[PDB]
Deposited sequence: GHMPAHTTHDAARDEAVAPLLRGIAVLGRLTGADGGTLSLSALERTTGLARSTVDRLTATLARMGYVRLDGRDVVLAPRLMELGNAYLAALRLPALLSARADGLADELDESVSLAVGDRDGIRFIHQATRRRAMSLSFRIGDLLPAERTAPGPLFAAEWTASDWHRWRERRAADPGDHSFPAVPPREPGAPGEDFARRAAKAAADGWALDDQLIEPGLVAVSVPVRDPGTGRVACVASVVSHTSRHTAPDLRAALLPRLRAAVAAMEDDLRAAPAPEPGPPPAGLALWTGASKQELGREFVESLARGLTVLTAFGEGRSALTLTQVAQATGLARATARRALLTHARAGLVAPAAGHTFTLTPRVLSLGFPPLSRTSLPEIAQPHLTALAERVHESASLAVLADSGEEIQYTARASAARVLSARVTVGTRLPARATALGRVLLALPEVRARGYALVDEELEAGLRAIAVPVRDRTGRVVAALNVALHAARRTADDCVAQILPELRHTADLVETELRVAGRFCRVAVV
């Protein structure tokens, strides 16, 4: 019945990293910001590194893309992102305005979809960002269904954090800020079926919001907002101009929820946490197994697996029943898991606090850069990442690590999907004959299997024969491509990952 302390502390470490610039903090900064002993910080971060959730760069701890599988689990179980993001993106393109979807997250709102347009003059937010409810238009719509304990949690946060400093995504509440009149706005929002934001975040930023109702329960599933700027609409004018269109888009979203096919849970999972035993053997005191096991519990949830019993959680992870129970109860204390109907457990939007907002903006070259550097050191040659240039017949480097026509390079022949490359899975090209420059490249595919970039190793031919370069370099090149594709796969499940 006791909380799993290393799981709570690991959650706190991830939270501090998520709030830090670049998702990076030194080990000393983690000591200061968490208050944890240095020995504890060392063990927790080493355990997170083994899971691929952080990367260790000297004295720095950096959030890593595979951590997004935690937020992915909530987004997949929620279903709303997969079902409604296409229509939300389409509305943003149609209006040339920002469109977002948000869910209630205790005293705040958290975004499950973001599509910004003509947003240069205003603050913008990411998937997973948390805003104070009373400073948004979705806020009153969620509060209209709040219980007495919801209002108590809101009041407690209001007194404890008068300046909104626990919401670093928005500017702090300035001295002499007017009252938001939240409970009255919530009552009006229930009556109106819509809500307006007149520059509650910052000057110039205006929004109009409409709730998307779950067809099963009739309660609010999420809230869709159209976000504009006062140079184009005052808050009253934004309502008069675009509320009818938003109501039509919400009506279609509710039709899509009503017509959604049954969720696909995939094959039955088993032993998701069983790998930790071997890691504990190999790493000893530096690996904290209860943290690794505890976070793995979150990955048992997903599409078609949104509400699980203790028995199902234990079966999916391979954990002993009492061990799974302590992890779940610890997650409940941290607010990452909530009880659900039928003695089940479900993920909360608070799971997105574990690194998702900053990681959602990671580009493919940013994913590949540390792996390019590692590959360059393993073979003591230069390694690069590239895509096709605008002409489609030249290559464009997007990331490099050291130690013209596309058809004349190994990278380009990969990117052009030429016959030999498609058969062998790589291309070796002696690209500069008088200088003796040789290169070998492999493709990089996204989660759909589409080739989106190419990775190469470049070196001087010297005496090293072509069979020698292939025998020695290609296995390392394929390993690096595997690591990049895996992180690209996880990051790209619910986020658009740029290739440049």
Next item on the list: Could you list the ranges of the deposited sequence that have no C-alpha atoms in the model?
Entry: 1-13, 417-429
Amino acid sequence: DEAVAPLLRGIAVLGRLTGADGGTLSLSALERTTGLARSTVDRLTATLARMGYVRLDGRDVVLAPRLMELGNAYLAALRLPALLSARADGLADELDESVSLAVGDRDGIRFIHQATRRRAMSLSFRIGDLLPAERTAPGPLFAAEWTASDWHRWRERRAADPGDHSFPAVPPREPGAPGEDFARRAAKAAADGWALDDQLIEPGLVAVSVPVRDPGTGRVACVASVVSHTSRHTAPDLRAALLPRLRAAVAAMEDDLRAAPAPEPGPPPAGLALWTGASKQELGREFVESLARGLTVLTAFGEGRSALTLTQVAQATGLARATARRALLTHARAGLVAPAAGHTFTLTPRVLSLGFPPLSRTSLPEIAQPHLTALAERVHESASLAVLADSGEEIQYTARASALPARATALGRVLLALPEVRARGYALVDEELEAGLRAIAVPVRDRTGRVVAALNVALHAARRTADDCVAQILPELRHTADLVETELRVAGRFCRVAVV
From here on, numbers count along this sequence of modelled residues.
Next item on the list: May I ask you to compare 231-239 and 348-356 by their mean CA B factor in the entry and name the higher one?
Entry: 231-239
Check: Which is higher on average in the deposited entry, the C-alpha temperature factors of 290-298 or of 189-197?
Finding: 189-197
Notebook entry, point to check: Whose CA atom has the top B-factor in the entry, of 66, 464, 438, 50?
Noted result: 464
Notebook entry, point to check: Between 140, 108, 266, 335, which one tops the list for C-alpha B-factor in the PDB entry?
Noted result: 266
Checklist line | Where the record places residue 41 (Cα B-factor, split into thirds across the chain) | finding: middle
Margin query: Per the entry's values, where does residue 371 land by CA temperature factor relative to the rest of its chain, in the lowest, middle or highest third?
Written below: lowest
Next item on the list: Divide the modelled residues of the chain into thirds by Cα B-factor and specify which third, lowest, middle or highest, holds residue 55.
Entry: lowest
Next item on the list: Would you check the entry's CA temperature factor for residue 4 and let me know if it's in the chain's lowest, middle or highest third?
Entry: middle
Item checked: Within-chain third of residue 156 by Cα B-factor, per the entry -> highest
